[PDB]
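Below you'll find the structure, written out as structure tokens, and then a few comments.
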Amino acid sequence: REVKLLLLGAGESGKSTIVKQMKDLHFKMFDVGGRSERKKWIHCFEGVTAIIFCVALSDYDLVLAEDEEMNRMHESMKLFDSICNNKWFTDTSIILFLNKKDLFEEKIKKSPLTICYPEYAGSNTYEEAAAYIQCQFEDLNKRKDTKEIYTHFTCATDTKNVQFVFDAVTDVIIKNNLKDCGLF
Amino acid sequence: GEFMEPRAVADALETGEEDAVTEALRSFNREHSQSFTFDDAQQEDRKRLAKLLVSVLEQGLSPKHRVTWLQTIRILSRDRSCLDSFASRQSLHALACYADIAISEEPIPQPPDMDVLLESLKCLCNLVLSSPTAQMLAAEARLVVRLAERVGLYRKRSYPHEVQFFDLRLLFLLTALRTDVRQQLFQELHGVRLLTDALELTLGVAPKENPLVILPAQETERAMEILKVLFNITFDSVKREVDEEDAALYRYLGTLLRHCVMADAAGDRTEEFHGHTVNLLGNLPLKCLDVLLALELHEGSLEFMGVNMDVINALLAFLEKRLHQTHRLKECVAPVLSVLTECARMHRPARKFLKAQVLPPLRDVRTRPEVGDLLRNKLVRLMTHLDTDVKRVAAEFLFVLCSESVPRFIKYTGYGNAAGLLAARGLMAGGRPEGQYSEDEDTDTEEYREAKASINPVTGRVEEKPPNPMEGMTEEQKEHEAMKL
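Taken in sequence, the protein lines are chains A and B.
Position 163 of the first sequence, counted from 1, bears residue number 167 in my numbering, the numbering being contiguous throughout.
Position 261 of the second sequence, counted from 1, bears residue number 262 in my numbering, the numbering being contiguous throughout.
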């Protein structure tokens with residue numbers, strides 16, 4: 005009774021990772037994008053949760069620049085406006101996968117977030133930049149009464165039996181001890 | 002003048018009348034006593050005074066009234082600008098031998114006046130907090146050995162607690178900055194042993210294990226800095242495979258450590274004590290963390306299965322006191338969830354009290370998840386926080402508390418709230434409740450939750466049915482395929 009893994013994504017840019025990571029209740033593998041017709045897509049579902057496209061947080065400056073037309077994250081917002089605000093998904097829920105945090109964190113210490121838009125006003129940390137991106141993606145939808153939406157900033161780490169990648173919480177508490185201690 | 006600048010003592014020190022220049026020092030330091038700020042229009046005068054003072058330092062100091070020069074180099078050391086006029090070789094070594102913490106430049110030492118030890122330890126920690134080349138040199142000049150010897154060796158001594166406080170703070174400031182200092186303190190010194198002996202002498206574990214919940218105020222401070230440096234030693238050198246000679250002192254550290262969570266501090270420090278104690282409990286080895294669910298039992302708190310669990314109820318009360326702060330969560334409620342996870346992940350009969358405290362039999366009221374004000378509605382809302390570590394520890398805390406099953410997890414929390422955890426490591430079609438965990442079918446609820454399509458399979462309670470007032474005109478979503486690529 006895993007009801008709806010309506011999966012999609014920007015295929016070989018972040019979504020190769022999600023199609024590699026999606027292998028009383030059981031679940032099927034179905035409908036990654038195929039090119040079926042309306043006789044097969046009459047009801048894609050009964051109005052149940054679509055696990056949303058990947059947003060790799062790295063196409064925000066990696067523009068699909070055939071004419072430097074638009075960065076691909078704004079195209080992602082456009083197709084999100086197509087997907088989420090359809091009347092055929094009236095009472096649904098939407099699970100955001102903000103994917104590939106690592107190079108986003110690597111690039112916030114680089115060329116700033118003017119590449120999204122100059123409406124951005126955060127102080128170029130990871131936290132407020134990701135908060136702004138979450139804020140744009142959530143308030144791109146407006147009604148939120150019958151459709152509640154859940155956002156997930158994943159890391160796409162190697163989740164195996166090694167916790168050297170778990171150093172970040174220890175660095176945070178060490179640096180917080182360093183900031184909290186002062187001269188006297 | 003009367004409250005003169007460093008410019009006046011600059012042309013006053015060249016007329017080196019000793020009582021007059023110590024009068025100038027003793028009138029300067031009381032004016033600028035504890036002010037952490039300064040003026041900027043006299044900056045090169047302060048730099049030249051610093052050069053003159055380290056000329057006096059590296060040439061050697063007076064027999065008596067040296068505490069005046071120590072007080073002035075402390076009160077000038079608090080400036081941000083005069084770091085490079087202090088961080089030299091012979092200056093640091095002079096401050097070390099007046100601090101009696103150097104490896105060389107030492108006789109069989111005179112019985113030290115503690116005043117110059119306070120001022121010299123203050124000078125050392127001020128000098129290492131700024132000026133990173135002084136940190137590199139204090140690593141290079143090998144200062145940690147006499148510090149470790151001193152903190153180990155007042156098992157039988159009588160020092161003022163300010164001395165031990167600033168000494169431990171210097172040890173912490175060294176170990177928080179140079180990886181060579183912490184790798185020297187952990188392995189080739191085995192300082193965990195002696196620092197835990199200092200932890201005992203701060204605590205004073207005895208029969209009557211805390212009916213007197215007050216712990217003294219200064220002792221909470223030095224024990225707090227002890228817990229700081231003890232976390233600072235073993236954070237990266239954790240070994241998931243250990244031996245009995247290694248892990249025996251670890252288990253002893255745990256057995257004395259369980260006393261720390263129970264008691265209360267003075268003032269409002271009782272939050273900060275646990276706020277570093279649980280951090281120390283974070284990186285301890287998993288196979289010998291089982292003293293929480295194995296302490297002594299008596300008639301104080303009601304137990305669950307042969308063993309008291311009042312430390313776990315104290316951990317849950319600390320979690321409820323520590324959750325609704327929302328400013329800096331990744332440093333406050335990450336190790337608590339990690340400790341409760343690795344407490345519950347290894348032996349069963351603690352997870353039953355944990356389950357009874359965090360997963361009551363759900364009445365399934367007309368509220369959703371994450372909309373109420375309780376434990377479940379706080380932390381499953383926390384499950385989609387924008388920090389990776391808080392989600393990674395809270396979703397694992399609720400994946401262990403559901404005994405690692407694909408049902409009985411979304412039944413309590415919601416696929417819409419835990420699909421990220423399931424996408425991380427959960428979908429394998431392997432069916433792992435780890436065998437030994439309590440396979441009870443009786444998870445039928447109090448108000449007897451309705452059928453599998455009545456409740457939301459991704460969210461909580463019954464809300465409505467979809468109206469769908471439409472006919473014809475299908476196949477709208479056709480834009481994503483040519484832009485995915």
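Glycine included, C-beta positions come from ideal geometry on N, C-alpha and C.
- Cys139 (chain A) counts as exposed, since fewer than 16 other beta carbons sit within 10 angstroms of its beta carbon.
- Ranking A:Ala133, A:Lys114, A:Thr129 by CA distance to the CA of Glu123 (chain A) puts A:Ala133 first.
- Among the residues facing chain B, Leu68 (chain A) is included, as its CB has a counterpart in that chain under 9 Å away.
- Taking 9 Å as the threshold, the shortest C-beta distance from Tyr154 (chain A) to chain B falls below it.
- For the region 394 to 410 of chain B, residues whose beta-carbon sits nearer than 7 Å to a beta-carbon of chain A comprise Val407, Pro408.
- With respect to the 9 Å criterion, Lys19 (chain A) and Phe49 (chain A) are not classified as neighbours on the basis of their beta carbons.
- Near chain B, meaning a CB-to-CB distance below 9 Å, the residues of the region 15 to 36 of chain A are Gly15, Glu16, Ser17, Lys19, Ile22, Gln25, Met26, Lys27, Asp28, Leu29, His30, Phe31.
- Contact note: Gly51 (chain A) reaches chain B through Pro467, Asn469, using a C-beta cutoff of 8 Å and chain order.
- Separation of the CB atoms of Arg323 (chain B) and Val308 (chain B) is rounded to 25 Å, and the pair is thereby denied contact status at 8 Å.
- Taken atom to atom, the span from the alpha-carbon of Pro434 (chain B) to that of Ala345 (chain B) is near 13 Å.
- Close to chain A, meaning a Cβ-Cβ distance shorter than 8 Å, are the following residues of the region 422 to 442 of chain B: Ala424, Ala425, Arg426, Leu428, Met429, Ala430.
- Interface with chain A (9 Å Cβ-Cβ cutoff): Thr389 (chain B) is included.
- Along the length of the region 128 to 197 of chain B, whole alpha helix (DSSP H) runs at least 4 residues long occupy 133 to 141, 145 to 154, 162 to 176, 180 to 187, reported in chain order.
- Here DSSP, grouped into helix, strand and coil, assigns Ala21 (chain B) to helix.
- Restricting attention to B:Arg156, B:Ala424, B:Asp85, B:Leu128, the CA atom closest to the CA of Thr161 (chain A) is found in B:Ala424.
- Within the region 312 to 338 of chain B, no complete beta strand (DSSP E) segment of 3 residues or longer occurs.
- At a cut-off of 9 Å between beta-carbon atoms, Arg323 (chain B) makes no contact with chain A.
- Around the Cβ of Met310 (chain B), a 10 Å sphere holds 16 or more other Cβ atoms; the residue is buried.
- Residue environment analysis places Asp244 (chain B) among the exposed positions, since fewer than 16 neighbouring C-beta atoms fall within 10 angstroms of its C-beta.
- In this structure, the straight-line span from the alpha carbon of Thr53 (chain A) to that of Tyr449 (chain B) is close to 25 Å.
- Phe57 (chain A) carries a strand assignment under DSSP once its states are collapsed to helix, strand and coil.
- Per the Cβ contact rule, the region 142 to 153 of chain A is not in contact with the region 401 to 412 of chain B (fewer than 3 Cβ pairs under 8 Å).
- Residue pairing by DSSP places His156 (chain A) opposite A:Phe101 in a beta bridge.
- Annotation for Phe398 (chain B): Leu338, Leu341, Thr342 place their beta carbon closer than 7 Å to its own, counting only its chain and skipping 5 residues before and after.
- Residue A:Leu12 holds the alpha-carbon nearest to the alpha-carbon of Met26 (chain A) among A:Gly38, A:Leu12, A:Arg39, A:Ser17.
- Around the beta-carbon of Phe173 (chain B), 16 or more other beta-carbon atoms lie within 10 Å, marking it buried.
- Contacts between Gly13 (chain A) and chain B, judged by CB atoms closer than 8 Å, involve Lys485 in chain order.
- Using a Cβ-Cβ cut-off of 7 Å, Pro161 (chain B) is close to nothing in chain A; its nearest Cβ partner there is about 16 Å away.
- With at least 16 other beta carbons inside 10 angstroms of its own, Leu93 (chain B) counts as buried.
- Taking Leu148 (chain B) as the centre and dropping the five residues before and after it, the same chain places the C-beta of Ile102, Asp168, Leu171, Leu172 closer than 7 Å to its C-beta, in chain order.
- A direct Cα-to-Cα measurement between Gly268 (chain B) and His328 (chain B) gives close to 23 Å.
- Listed along chain B, the residues sitting closer than 7 Å to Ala134 (chain A) by beta-carbon distance are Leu387.
- When the Cα atoms are used, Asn180 (chain A) and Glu332 (chain B) turn out to be separated by approximately 8 Å.
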